[PDB]
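[1] sequence first, structure after; it's an experimental one.
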There are 2 protein chains.
Amino acid sequence: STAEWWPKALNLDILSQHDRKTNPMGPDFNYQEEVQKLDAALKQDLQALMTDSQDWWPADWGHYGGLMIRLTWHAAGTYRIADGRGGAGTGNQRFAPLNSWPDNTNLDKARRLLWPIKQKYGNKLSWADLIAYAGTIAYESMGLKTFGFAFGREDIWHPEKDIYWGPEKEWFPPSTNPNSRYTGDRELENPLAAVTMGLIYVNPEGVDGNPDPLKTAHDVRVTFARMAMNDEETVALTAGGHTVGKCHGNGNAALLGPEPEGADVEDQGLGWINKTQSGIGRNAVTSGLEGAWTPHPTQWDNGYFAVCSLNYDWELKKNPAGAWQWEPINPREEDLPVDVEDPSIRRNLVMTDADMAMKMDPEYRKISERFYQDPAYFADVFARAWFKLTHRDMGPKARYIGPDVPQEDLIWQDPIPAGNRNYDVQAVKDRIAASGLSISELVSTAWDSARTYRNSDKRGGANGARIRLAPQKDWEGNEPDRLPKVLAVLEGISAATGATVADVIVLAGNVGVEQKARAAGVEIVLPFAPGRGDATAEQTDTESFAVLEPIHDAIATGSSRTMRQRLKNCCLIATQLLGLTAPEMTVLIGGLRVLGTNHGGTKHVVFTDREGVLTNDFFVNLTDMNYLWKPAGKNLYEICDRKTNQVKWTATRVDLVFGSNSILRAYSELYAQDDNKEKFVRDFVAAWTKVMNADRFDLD
Amino acid sequence: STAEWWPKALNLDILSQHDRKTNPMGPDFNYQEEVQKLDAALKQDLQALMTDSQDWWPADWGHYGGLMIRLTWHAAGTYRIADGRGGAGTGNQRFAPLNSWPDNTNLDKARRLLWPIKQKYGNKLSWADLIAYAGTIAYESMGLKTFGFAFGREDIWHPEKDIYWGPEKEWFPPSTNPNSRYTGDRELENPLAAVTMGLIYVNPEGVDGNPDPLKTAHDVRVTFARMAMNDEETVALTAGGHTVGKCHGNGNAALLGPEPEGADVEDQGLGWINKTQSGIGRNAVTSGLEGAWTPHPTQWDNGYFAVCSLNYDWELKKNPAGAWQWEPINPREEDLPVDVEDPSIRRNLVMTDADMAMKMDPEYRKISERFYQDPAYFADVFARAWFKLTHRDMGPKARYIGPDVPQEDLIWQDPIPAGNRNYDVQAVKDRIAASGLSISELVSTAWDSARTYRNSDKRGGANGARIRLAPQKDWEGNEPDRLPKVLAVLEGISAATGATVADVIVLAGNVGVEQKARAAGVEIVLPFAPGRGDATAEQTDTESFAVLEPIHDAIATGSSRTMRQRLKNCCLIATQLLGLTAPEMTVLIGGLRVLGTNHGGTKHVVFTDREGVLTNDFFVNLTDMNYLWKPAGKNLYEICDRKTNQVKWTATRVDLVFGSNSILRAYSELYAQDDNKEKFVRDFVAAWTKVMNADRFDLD
Ligand code: HEM
Ligand code: HEM
């Protein structure tokens, strides 16, 4: 197509996803308000589905719970803390490439089995919520006291183009190959939270397919941590997950047809279909391993650790489909799981390399032991972890809807109280104006408070005013000395008024922008919404926030250190997380530059003889051919006058890409037109507002 | 990215281009009304630019006309009749990949030279119009009486993803290579109108770089015909084009930097920049050939045929950059073009292989002779052809705006008169209802009248009611016997009322749809706009309309013959030309199917026990897993009941792709929800309306 030609080019399309032309819903359609009308006592239908076997994909022992829990687990298992991408918050498993990953084999059947319910509840039940709820109801039906559930996940209509899944151009390849995601000594390429392409967290047969429970344990600890789970939550999840259901590998795999995206139309959007021989029931082949972890896989119990992983000794075996798996030595007949179609036949137990790791790894072993001797703890830790798994990308509790939302404020939700809304905004502004804070100090501070937001998992943002807290107040990119000079003033204004520090930091930014538009002879009142609360250090997980540190921010031409990634690459990624379009990214850069907001007070792209005045000067000058651009070191250029051959300004790649990239320059040219001065200001303001209000889910 | 994984998948993204998130203009912005306010006497600024040389890319002999004419010519030269794609109607040359094609080398300089003007006139002058106007004003300034010009081309903001430019994964490769666009004996892959990738029409040095004017003449005739130009227009264009300007090839090419999309940010979005040595002025290297076709290249004259191509004899030479070119034998000094920087130095004349073809090809030679002995004719034929070149993708004259629009109605515009608007719509409807025409006969006829439309060059559509004319009335896909049974009735209703046959065919379709919604117990009045005119056979070019023949239409599950292209591929291409989104394509297919509109009255995807009733039955049944799909021959499937193993319905790939493609099935599922019956009807209607009104540029 139009570009395999220049693969180094910015993938600007990630900024224009989920737009009008792909969305089939009317423009006033609002899911939050339609799901609030849902008859959640739909729990009866979902629970009934569990024992409502369909011929084209029969339920094991007449119960789909194991399958449904795996569905939800896999929908959730794609999340990663580095950027908050992946997760069950958008129902992405119904689209490429996730619907066709090897690890999601046969989950297409699970999703399809949920369709009658989606058809019944319609627009009030998104595929995203349904897929995320399925496993929870399954657990309920099988005996587990779940912790809770919240609806509120809006559906998407095409693949999430912004997610980089890994460097491999092959499915589940060895870690000792070209295009490997591994470096040094088994050091996982940073963003990634899986050991290979097409897998959720870890290889069930062992690292690169070679069984050792100790090396497998290392991958499990690493990948789960990258998904926000610690040792306890991990052992809990693994055991709790395998307490029900089984592994399917009773047949030749090579006989499975193409994964969904590669199957032809006769397959109804399904995949991995066996047409050579029976591929359903006891003849089902999924992961390739075969057997169940517990005697009673249709029910919550203590069978996982209870004579199985801890009380029997295990040895390596090969299943019918050629996969490595662990089986018990001399198991008693009563402990053998029965056949999925005929209860009078006995089959075998199993443990994957990840299950054996729970017994062999010294640290997991201690936790395994606690859950073995204290099942009440196990069930509580698992239930909570199951809930965290399914909501870790839901964002603020304000987004949670439904009768079963837990009253408890969990730390991973980034709890923030409602701030006072009755306080007279204008008095707050006058006191801000009346302080000796520069237009520049006002804007940078507000920018920094809001820039932490990312729509991937909805964490960050200006609401709870955390920047004032550790570790944020000390982040290099946040300019710690200038930040307190400003917090000191603003904290005083808030105590003196009834407005929150969070509301004040934003309102101050708004003042800086208002002062700058006024200096260019433009009068404007920037929209504003009170209500931000101030969050406490107690409800702020210092370790989980490390991931939101601004190590890079092109919007303030700041780069903490030399990075592999191009500066505009970094710019593009922050703007995608922020939820901004290319036109929005463009005006923002042009505006912030003339407001004199660079980190370190650098003039890298000021291009104005009048900083502090909101003009379209950045574009007018960037687009002026009377100048030539001379590379001048690392991420730096000299903007020279062609006549005098003298250096007029300096600039970085973040600045110049807006005058190099054909699409961005087209935007730059527009804003540099003689007739678009007011449009630039109006558009800068709207984008500014969008950023300050991005995390405002507390609003209606 | 998200899919090199399944390259056979529908490129649905081509249906969601140019959306809100990429458009930087407010949503109420309307170019047609802003350009109507333009001070077209901007002709003075454009004309002044011609002699306003800029240091970073100096004008040859102090005149940019040759360069500007080439700019416009190349912007226009990308058009092709097979699908109407390409052309100067969107200003696509400012974006990838066209901005970086080898043939467009240094046109980046031309575009950049026009920026001060675009900056001055702003939102009232699109880049598309400016680029298309540049060459016309250049010709005016150099002495040619141009035929006219119309503004009205709206700007785009990213590459036109829908255009397939060719199969090559390399630039300008030989025709005797893998991935070649040539088959049998030099038979150009059909859609394409160029001999290789990255070139506009033909190779200037000869077929695959080997000079012979006779084989070159064959490519010129073939490519220009694919661009709607006959022998006369072609000789005219070639000679008229080369009557001014020159070829640039005075240097080592290998020294040129990367084309624009491959250049780094310091190049200001420009490309082919020489940093090793001087690459401007007389040292400029573009095509690689060097010399001018006429003694006086800054002026319109009769020098092209006048002692140059006809009166001097020519021989093969090699220019400084190693390109083949023809030079004259023993030219007199006065006929030598002077140096571009210093008038006191003489340089050389040249003729490309395409110019020599005008002298050597027997047929071109006769036309060349007429233009040599009758320059008034030459100038008139060229002027008209220059105008056709720059407007052949503008569509109906209704779209033309400006003081210089020619009063003459040119045949290639598909002229259609204004039809009467005062006639009482309801009386027309009652008479239609009162006829014995089936709901099916009404809908299919209207569909067929409107389906010919394509937004690529804005030709086709229900307005002028041509379907009633040759060759349309006899096209197989239009079902000639059923079409006249319906025209006979409808032609009578129109004569009896004051409404046009065109308005009547559409209104009839609207009645069929209204009758079908009524049968499903839904009352609706479909929007309607009177005014369509009936076009005459005299103003209808039977040969130019061949290209709009519906050889395929998935919307009515019709395929004239087995084709290389997948049926859904064909479906996707018609819907892109029609201007429809994926959600729109989806409801349309579902609706037309239950209305019983298949070509040949086939039941391939009816899936209703009630044809003629507008229900969401197609989706409800397509999405029902109680059925399995069994391939059953060419483009056919048997929809079988899983319990009884009996054939319930049949269907084609066009039907089943909506239940296979993950994105389309998501749409299908939505419309199959219990709560979306009315949404389906409302959405089907809106899409129906959009199609019936697509060519209505005559409306405000
Ligand atoms: C700790 C890393 C894990 C590994 C290596 C792993 C591996 C596997 C494998 C190979 C299967 C085979 C399924 C088939 O062939 O059909 C399976 C099934 C399953 N896993 Fe895991 N798993 C892990 C974690 C979890 C977690 C954390 C849970 C959820 C809390 C879970 C829940 C399930 C369920 C419910 C099934 C049953 C599928 C069915 O019965 O159809 N797994 N797992
Ligand atoms: C008939 C097929 C044609 C071929 C093979 C051809 C080839 C070329 C080539 C190789 C150049 C070299 C320019 C450079 O190196 O800078 C050129 C220049 C030019 N051509 Fe054509 N051309 C064709 C048709 C036309 C037509 C139909 C027109 C417009 C009616 C046209 C107008 C021009 C102009 C104005 C230039 C001058 C560029 C300048 O002075 O900077 N050409 N052409």
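    Everything's here; your move. Residues are numbered from 1 along each chain as shown, chains lettered A, B, ... in the order given. Ligands and ions are numbered 1, 2, ... in the order given.
[2] residue A:376: how many residues sit nearby?
    Residue A:376 sits with 8 neighbouring residues when counted by other CB atoms under 10 Å in any protein chain shown. Every residue, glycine included, has its C-beta placed from N, CA and C.
[3] how much space separates it from residue A:365?
    20 Å (CB to CB, to the nearest Å).
[4] equivalent analysis for residue A:48, please.
    Separation of residue A:48 from residue A:365 (CB to CB) stands at 40 Å.
[5] out of those two, which sits in the more crowded spot?
    residue A:365 (16 against 12).
[6] can you confirm that one is in a helix?
    Yes - read with DSSP: H, G, I helix; E, B strand; the rest coil, residue A:365 is one of the residues of a helix.
[7] quick one: residue A:258 and residue A:271 touch, right?
    Yes - counting by CB atoms under 8 Å, residue A:258 does reach residue A:271; the two are 6.1 Å apart.
[8] more neighbours: which of those two?
    The residue with more neighbours, out of residue A:258 and residue A:271, is residue A:271; 22 against 14, by other CB under 10 Å.
[9] if we ignore the residues flanking it in sequence, what's nearest that one?
    residue A:260 (3.5 Å; CB to CB, 6 or more residues apart in numbering or on different chains).
[10] neighbours of that neighbour, just the number please.
    Residue A:260: 28 neighbours (other CB under 10 Å).
[11] please apply the same query to residue A:640.
    18.
[12] wasn't it part of a strand?
    Yes - checked against three-state DSSP, residue A:640 lies within a strand.
[13] if I look at it, how far off is ligand 1?
    Between residue A:640 and ligand 1 the distance, using CB to the nearest ligand atom, to the nearest Å, works out to 58 Å.
[14] also residue A:149?
    Residue A:149 is 15 Å from ligand 1, where distance means CB to the nearest ligand atom.
[15] ok, that residue touching residue A:402?
    Yes - under the criterion of CB under 8 Å, residue A:149 makes contact with residue A:402 at 6.4 Å.
[16] neighbour count for those two, which is higher?
    residue A:149 (23 against 16).
[17] residue contacts, the more buried one?
    By CB atoms under 8 Å, 6 or more residues apart in numbering or on different chains, the residues touching residue A:149 are A:132-133, A:136, A:387, A:390, A:402, A:404-405.
[18] in chain A, which residue sits closest to ligand 2?
    Nearest residue of chain A to ligand 2, counting by CB to the nearest ligand atom: residue A:625, 18.5 Å away.
[19] the helices in the stretch 601-700 of chain A, which residues?
    Taking DSSP state H, counting those that start in this stretch to define them, one finds helices in the stretch 601-700 of chain A at A:617-622, A:653-656, A:662-671, A:677-692.
[20] stretch A:197-213 near chain B anywhere?
    No - for stretch A:197-213, no contact with chain B is found by CB under 8 Å from any CB of the partner chain; the gap never falls below 9.7 Å.
[21] repeat for stretch A:42-55
    Yes - counting by CB under 8 Å from any CB, chain B is contacted by stretch A:42-55 at A:54-55.
[22] ends of that stretch, what's the gap?
    Terminal residues of stretch A:42-55 lie 23 Å apart, using CA to CA, to the nearest Å.
[23] and it, is it in reach of ligand 1?
    No - taking CB under 6 Å from any ligand atom as the criterion, stretch A:42-55 and ligand 1 are apart, separated by no less than 12.0 Å.
[24] what's the neighbour count on residue A:290?
    Neighbours around residue A:290, by other CB under 10 Å: 26.
[25] tell me where the stretch 1-150 of chain A has helices.
    Under DSSP H, counting those that start in this stretch, the stretch 1-150 of chain A gives helices at A:31-35, A:43-49, A:65-76, A:107-113, A:115-121, A:127-142.
[26] mind telling me which residue of the stretch 601-700 of chain A is nearest ligand 1?
    residue A:697 (27.3 Å).
[27] out of everything not next to it in sequence, what's closest to that residue?
    residue A:398 (4.1 Å).
[28] residue boundaries of the strands in chain A?
    A:182-183, A:187-188, A:314-318, A:324-328, A:552-553, A:558-559, A:627-631, A:637-641, A:647-651 (DSSP state E).
[29] identify whichever of those lies nearest to chain B.
    Set against chain B and scored by CB to the nearest CB, those come closest in strand A:627-631, at 4.4 Å.
[30] the closest one: which residues count as buried?
    Across strand A:627-631, burial judged by 16 or more other CB atoms under 10 Å in any protein chain shown covers A:627-629.
[31] kindly report the same for stretch A:518-535.
    A:520, A:522, A:526, A:530-535.
[32] and what of stretch A:534-542?
    For stretch A:534-542, using 16+ other CB under 10 Å, the buried residues are A:534-535, A:539-540.
[33] next one: it to chain centre, how far?
    Here the centre of stretch A:534-542 is set off from its chain's centre by 21 Å, with CA atoms, centre = their mean, to the nearest Å.
[34] what of stretch A:353-363?
    So, by CA atoms, centre = their mean, the centroid of stretch A:353-363 is 28 Å from its chain's centroid.
[35] residues of it that come out buried?
    A:353-361.
[36] just the ones of the residues you listed in helices?
    A:353-360 (DSSP state H).
[37] out of those, which is nearest to ligand 1?
    residue A:354 (3.4 Å).
[38] what about the closest one, distance to chain B?
    26 Å (CB to the nearest CB, to the nearest Å).
[39] cool, residue A:624 as well?
    Taking CB to the nearest CB, one finds residue A:624 at 9 Å from chain B.
[40] now residue A:451
    Taking CB to the nearest CB, one finds residue A:451 at 20 Å from chain B.
[41] ok, that residue - how many residues close by?
    24.
[42] what about it? Give its phi and psi, please.
    When read as degrees, to the nearest 10, the backbone of residue A:451 gives phi -60, psi -20.
[43] ok, it touching residue A:553?
    Yes - if you go by CB under 8 Å, residue A:451 and residue A:553 touch, sitting 6.2 Å apart.
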